Number of protein chains: 2
Amino acid sequence: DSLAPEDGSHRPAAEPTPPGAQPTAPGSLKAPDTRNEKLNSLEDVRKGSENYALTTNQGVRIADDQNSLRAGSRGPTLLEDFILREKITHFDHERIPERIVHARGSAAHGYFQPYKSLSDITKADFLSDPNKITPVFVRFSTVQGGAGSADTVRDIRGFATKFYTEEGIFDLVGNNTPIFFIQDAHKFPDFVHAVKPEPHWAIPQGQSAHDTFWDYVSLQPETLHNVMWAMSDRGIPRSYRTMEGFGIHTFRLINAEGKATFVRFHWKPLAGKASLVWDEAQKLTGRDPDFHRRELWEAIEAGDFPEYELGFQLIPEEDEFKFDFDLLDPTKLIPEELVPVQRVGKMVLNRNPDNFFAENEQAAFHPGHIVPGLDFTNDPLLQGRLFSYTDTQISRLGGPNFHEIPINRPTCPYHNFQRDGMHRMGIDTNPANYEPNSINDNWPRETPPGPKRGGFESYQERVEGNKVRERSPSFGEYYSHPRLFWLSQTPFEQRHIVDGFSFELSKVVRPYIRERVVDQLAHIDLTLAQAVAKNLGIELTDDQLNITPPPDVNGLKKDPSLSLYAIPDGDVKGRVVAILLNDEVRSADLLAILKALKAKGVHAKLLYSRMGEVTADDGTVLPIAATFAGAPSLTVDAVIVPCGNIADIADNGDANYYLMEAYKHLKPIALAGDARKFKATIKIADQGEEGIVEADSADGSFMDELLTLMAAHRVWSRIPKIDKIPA
Amino acid sequence: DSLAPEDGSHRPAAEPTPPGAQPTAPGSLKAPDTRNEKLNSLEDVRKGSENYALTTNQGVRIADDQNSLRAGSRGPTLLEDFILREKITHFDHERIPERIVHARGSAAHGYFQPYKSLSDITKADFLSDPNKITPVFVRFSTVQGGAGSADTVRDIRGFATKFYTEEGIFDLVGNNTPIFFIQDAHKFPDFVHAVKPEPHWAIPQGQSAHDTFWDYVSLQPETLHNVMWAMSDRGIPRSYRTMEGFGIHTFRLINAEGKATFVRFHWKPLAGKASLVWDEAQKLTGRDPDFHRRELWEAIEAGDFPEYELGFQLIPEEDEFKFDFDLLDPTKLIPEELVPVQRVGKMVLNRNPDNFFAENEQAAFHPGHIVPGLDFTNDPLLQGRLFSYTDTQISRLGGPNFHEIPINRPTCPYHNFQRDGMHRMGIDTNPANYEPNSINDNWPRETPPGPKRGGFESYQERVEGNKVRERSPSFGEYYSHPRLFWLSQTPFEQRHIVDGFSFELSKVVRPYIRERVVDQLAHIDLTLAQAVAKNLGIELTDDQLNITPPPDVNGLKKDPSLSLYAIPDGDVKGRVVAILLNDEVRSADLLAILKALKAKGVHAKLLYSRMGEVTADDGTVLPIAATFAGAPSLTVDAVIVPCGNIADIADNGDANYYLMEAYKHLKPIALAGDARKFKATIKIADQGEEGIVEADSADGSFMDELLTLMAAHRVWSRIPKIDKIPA
Ligand code: HDD
Ligand code: HDD
């Protein structure tokens, strides 16, 4: 009709803007100048809308899209209304099966580039030159929950990267923990059925806190290592930008000379490692179930591109048997103290999709999608994964032509003798649909392996043994890796692990399952088992107290790279601060606050007891982003309260609770001038306490002190003090 | 190996048990004696498990379900492992498309029976005899969220009932509010796309609180009536057992004489009407996203069978045009003050399904599934619905044989000349697959319409008009029903409506959309418009302040049946109380508490600071249901704190917070003996306060008081005292 506002405020500016400043929008409209080879190749299918007539799918203009065709304006709808039927038909068949696992995920486009050529250890074209840019499409996910489930659950996270290389698609399909729960792919359905919602009633969603999961874990000790990781704060990342990524399996790099090197893939978050705390994470699934999806999208819209460093743990073929654990066992990590991660390149995620369904929901990643220069190993979990990811998209994406769905298409050439199949897009002109043929002079043709642009040939690994359904005896060790993880965590991390297990086991209705898990914990570490047992009202038996702890892992009694926080790696850029306003804010405090934050790339959200505007002491009109209840402290990293008319919000329950919640969840709090009246709400001594910034004004070192606290992420020293606190 | 506990505690007793007393289980194992014709008919496909060998789907016994077949124990997985491939293949294809709308839902089996024969107004067989029982299967749902989204969101709820009658399946596919948002089915995709997650980033899940929903609403005033209902506490029901159900459209009843009577269908909850409050509902989506699903399942396991009374609003054909609204407009309700709801029969849900996927997920309901004695009308929304529910299951349920999926099968005879289609189960022996035929003597044959067991014949409604895509002028009135609804709500219901709109519109990023919605509210009621505007920091113009309110609906200035709470309808059976234990509970208090609760069918959950057990003062061992943090006050209807060693929990942060949350959410709280010292936490009253029960001990009087409070659901008089509380 011409419904947009005449001031053009319905449309977000096509420039980087901080979270909440503008309505979010499709990537190609928000950042039209951000391009890459894959984004450019999608232009043949992108469809605009502005200034076009509304039509049917057959191109017929529609005159009246408000009404069905009927006999009389109060009459029956007629079967001849083809416009109505096409429209309802398309609607009626919008949904496709969600992914069996990792159904909940958020994605973005980006690019990768190696730091140096890796030609000495791999012939993979995408790693051959520092000036070779490879477009990527990354999808981060949870594991258990459906596509409509919440983001901040306690779960493993998926981290899948599609590399659109010149020699084929390479999908690095990893998780955020360096091991998996099980050893052989044959048990995948068992483990997944145990963690997913129980079959009689389909409860619970997005949670391993239920009987069948802990029943399985209790009977399958190989799971304990990844369970330790999920029970730690690793299971509740602050954002996809602040978690590590791992390929888990040992793969092979193959160079031009034919040498095979064992490799484990790593992704290091350039924003650092950071996680929530359980109470915050759980409440946040309620206050904002889309928190991670939203945060990823807004980071990219703000120019805070998620950046990751690809790294390789490399192990020579001659060292295959030199560790206490098997290199092919996916339940075992390779300690970085033994084999360092060598930095390989950087990945930058800089553009959101246009249409979530078309690009994210239909994206298909599969770890079998490798390119010359890479190869597999006999890891029995990886081996079975290779079967699943091609199979599953026959139903998920309707057939074998899923590589023709725009997001999945290679940007490099693809030609073969495969034909037909549902939804076939490619119209083949080859006279032949078979090889060998003479009628097209045998094109397209096979290509011999070679240093560059050659055909794929598997590494000639020696195979020797009988046909058996047998677990290698080298895989039968289940407690040393769990113990190594435990011992590498800080004391507050251990506490959170103890709390994770305790909370989850408390949701297990059958008490014997809790007892059985406690017995397993006693094989890992007595302190851990005792603390969990104590929280479950369970007493360890004398036998349990005397279980000998598992051996160190190759002499290591800890590896600090396993902790999120043991070694500081703080990065404040992209974090956000809640600013609690009053109706006569000291504008000077606000100016100092906002400019300090902006200088470090830290965002702010101005909150009040209503929407609209408030006027500062000097007449400055302050736009309100949200109310105290509307954007809870769960969604920010720190809270600042400027001086002004504090009596306005002093007796506001929501404003007081805002600080209590943020205080309980160990976030930095800064009070200027009369805002110090709120110290009594969080019980802060006159003298002050580490973790609370306070001064007569927001000047001098007030902002630097708060930013130092944000750099450390959370105020771990406050844990004992939050123990009480009714919040 | 891995086997059941010696003591048999892995398996739930097969008898009615209170929530939490036993692990939940498949219905046929929990209540094997609960039968009905439909449940029995599902016995052909029910599959046991105990004492049977594990096999492939082809019936081959599996020796080792722990490993893939490989060449050597550390070798490559072989392609000949068909056991692994079948198992992984079935896993890979588990998911089916979720429903386009109402994907989130919970179901149960039950039975219905009319109070008396309705043969004078309808020939429908299921309403013909008070002693003839009809098996039902009911699915309750939300609308917007995916199948993995949360239960206690703010949304409309679906209430679909499949009646397995002797003359065909009758599906009564309704919602929990008496009107829908839109008038013509052609706009269904528009409305649903606006409320669903926005297309660029697929946010937000299970929420209408986003720009596109309010944009659509602001441009389509026909939506305002159902929006009023959604924003009231109707949008966040306490349970599926405590909400009304409505068919929305005017349908027809056809008797044996051929007389048509207009009818609107109602379901009255025999447990009464009850809703949560927003803060509670929203937090509960995070603490227990499966709350309604769980609550329904547990109610049925406990014997608190959800019971509903079917009721009809009947309007003679000659009264079609006598209201000031069109009877065929689904955005208009029929005030009970004008046309009373006649009681028709009772529906009882007494058995949970066995497998959620097979029975709930694959259930197909469709409002076109009617039987002789019922008929449609020209309601333009209902008309388009008839097209869509058959159409959508061709993708959702994989084909046209969805009536052969066990839960969907009619229990009466079904014979026709339709053949084939994907996964055809029925093997037809008829020599003929067409009619007329002589080769099978024309069987199965058509049946003339008649008083009973007759063929379906449409009511011969007179149709007169030109072929038009036009809305009836009579549907062009959008503010009087919204205003009637507003004026019928109690003062606290009005405030919660105000808060609903305010909260939602505060999440609309484009400010002009908020203003346009406020403008629409000014057309309904200025008090309402002004209260919302104040919260958004918006000022009504002088023009807006002078908008004439819409006319009363046929002289009505209010209709108390539109309110949840104006007319007392409380029922405590099935409700649940949290009991905060201490390590030396005064058993005399507990005895009295449990006895009084038990006499009214109210359940209890014993909570503590840890799991396991605590021993009362008389040696009674009390098993702990959950921790204070583990089963928040959100999940209960009231909180009781018995005396004993109060020092044990007096300083516990979670225990204190438990009471503050319950207090803020207007729930009855009862404190006996030294537990009255908790009154300081909820900072209020010394002489007592209506809503807080206190006494030296828990006695008959104390429990009567608490139970009387529970019968009124929430303590609305405490509203003014809760916005200072920091919780
Ligand atoms: C044999 C089965 C199997 C096993 C053993 C694995 N999974 Fe897998 N996973 C699948 C079968 C599968 C799947 C059914 O094929 C999925 C679901 C739908 C899809 O396209 O792929 C998939 C999805 C999937 C995704 C989502 C890709 C997306 O965003 O689309 C990730 C990140 C992982 N998996 C990661 C892993 C890791 C790191 C594993 C252990 C090392 C693992 N999976 C074990
Ligand atoms: C023209 C399309 C159309 C319109 C105008 C309506 N819906 Fe509908 N509804 C559908 C198209 C549909 C559907 C696409 O066909 C669905 C999802 C898939 C399914 O089986 O049915 C459905 C599902 C569906 C369900 C879930 C049944 C279940 O539990 O499986 C309920 C309760 C409603 N609808 C009720 C309503 C009511 C009371 C409506 C308004 C008066 C309404 N729908 C308007």
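The count begins at 1 with the first shown residue.
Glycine is treated like the rest: Cβ placed from N, Cα and C.
Note on A:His102 (active site): other Cβ atoms within 10 Å of its Cβ, all shown chains, come to 23. Taken from Swiss-Prot, the feature active site covers A:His102 (among others).
Among the features that Swiss-Prot reports, active site is placed at A:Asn175 (among others), with the record citing sequence analysis. For A:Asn175 (active site), applying a Cβ distance below 8 Å and a minimum sequence separation of six or more within one chain yields A:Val143, A:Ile156, A:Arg157, A:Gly158, A:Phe159, A:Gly245, A:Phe246, A:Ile248.
A:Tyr389 (heme binding site) counts 17 other C-beta atoms within 10 Å of its own C-beta, drawing on all protein chains shown. DSSP assigns A:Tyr389 (heme binding site) to a helical segment in the three-state reduction. Look at Swiss-Prot and you will find A:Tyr389 tagged as heme binding site.
Per Swiss-Prot, the feature region 'Disordered' maps to A:433-467.
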A:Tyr389 (heme binding site) and A:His102 (active site), Cα-Cα, nearest whole angstrom:
12
Work out, from DSSP, the number of helix, strand and coil residues along the region 'Disordered' (A:433-467).
0 helix, 1 strand, 34 coil
